Each structure stands twice: as C-alpha cells, then as structure tokens.
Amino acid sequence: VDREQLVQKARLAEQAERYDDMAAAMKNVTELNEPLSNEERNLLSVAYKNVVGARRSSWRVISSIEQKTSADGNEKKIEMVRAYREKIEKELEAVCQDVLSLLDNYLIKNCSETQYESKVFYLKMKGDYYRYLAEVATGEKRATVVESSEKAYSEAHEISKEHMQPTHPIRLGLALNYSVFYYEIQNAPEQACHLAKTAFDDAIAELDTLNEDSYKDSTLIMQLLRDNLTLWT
C-alpha cells in the first residue's frame, strides 16, 4: 500500500510478465501526485506499451480476418468476427484513454518549465497513444485524435529541438515516432523523410557527444532512422 512497495510490485509484475498488473501498479504511483523518477518513468512506459501492444496485435489479426473473409463468408460468422474486433477495439481505446489521462492530469501537468527531458518524454508518449487511437478510428473521430497526436508530437519537437542535444535518445526516439506518424497516419512521405533525415544528420555532426552510458540507446535509434529512410526511398 506504500509507494515504495507499489514500484516493487511493478518490478515483480514485469518479471512475471503480467503487464496488466505492472501497468496498474505504475498507474497508482502516478496517482500519488509525486514526480516520477527516471526508472519509474520507464516502468510505466514499458508496462502500458506491452498492454496496448497486446490489444493492437490482436486487433490487427482479427481485423485482417474481418477483411479477407468479408466477401464470401456466412452472414453469421462475419457478425461474430466484427463483434470480436470491436470488443478488442474498445479494450485498446480504453487503455489509450487510461494512459492519456495519467499524462494530462499528472505527468505533463507536474512538469516545470525547465524539465525539458520529462516534458518531451511525456509529450511524445501522448502523441504515441493518440497515434494508436488513430489506427482504429474512422471519420471525424479519426481526424480529431490525429490532430491531438500532431499537437503532442509538434510541441515535443520544439522543446527537444532547442533544449536537448541531437544525440539525446529521448530527442532521437521522438523524431523516429514523429516521422512514423507522418508516413503511416498523415501519408506525408516528403515530410516524414525530411524529419527523419535532419534528426539523423544533426546527430551525426555531434557523434563525439556520446558517453559510455548513452551510446547504445542513441546509436540503435540512429540505425532505425536510417532503416526507415532506406525503406521510404
């Protein structure tokens, strides 16, 4: 019931791979209104990434069955498939809204004007989980969560482009997901390519900035930025 134990339960849940328990424990420590340490901050991101990832993976395979079996299949089986897809859809959207609530009410809110690292970390997460919502949305409900993802990504970009080094893994990771957001959600290959290229180039010019602690995390993201750039011609 104590905060120090709640973080320990989340550590245990990750070892037991019960990410629903892990995300619930971190949801509690976030609700205590005390700021999150760098480690506790990564426990929350890992927990809800696994939870929303399980729903998103299940949603993708069911929706694929729903589309490829939407021509000839019996009217009774397709009514069972689309019913299962929407059940997963509501589960995904409920987890996303759960994350965006912690972000707007506790995490982004309790950030000072000088906490550019945590501000960019939480703002990128906001654009991430709004992007996950845009994958399963259609019509006017899609165009709004798309612009909410854009407002979260764009603000995280300006704070990162000014107050953080180009080799910082948080700044690099943001440019990755932001450029992915442009290519897959907005269908803007020209802008997605530009965003990923400048972030890679600016990190290359200051390659002599990597320390022994942050050399791994930064270099792999640069490779992923290259990998995504080769794919987009």
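Note that residue numbering begins at 1 and tracks the sequence as displayed. We call the rigid core the largest set of C-alpha positions that still match within 1.5 Å between the two forms.
Across the superposed structures in 9 other deposited structures of this protein, aligned by the core, the stretch whose Cα atoms lie more distant on average is 77-85, chosen from 97-105 and 77-85.
Put simply, when the other structures in 9 other deposited structures of this protein are lined up on the rigid core, the C-alpha atoms of 202-210 lie farther off than those of the other stretch, from 202-210 and 180-188. Compared with other entries of the same protein, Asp72 falls in the group left without coordinates by at least a third of them, where both flanks are modelled. Higher mean CA temperature factor between 115-123 and 67-75: 67-75, per the PDB entry. Look at the mean CA B-factor for 93-101 and for 137-145 in the entry; the higher one is 137-145.
Among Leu174, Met26, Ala54, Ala192, the highest C-alpha B-factor in the deposited entry belongs to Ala192.
Sort the modelled residues of the chain by CA B factor and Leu225 lands in the middle third. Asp217 sits in the highest third of its chain by CA B factor, as recorded in the PDB entry.
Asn38 sits in the highest third of its chain by CA B factor, as recorded in the PDB entry. Residue-level temperature factors show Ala196 in the middle third of its chain, judged at the C-alpha atom.
When the modelled residues of the chain are ordered by their C-alpha B factor, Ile170 lands in the lowest third.
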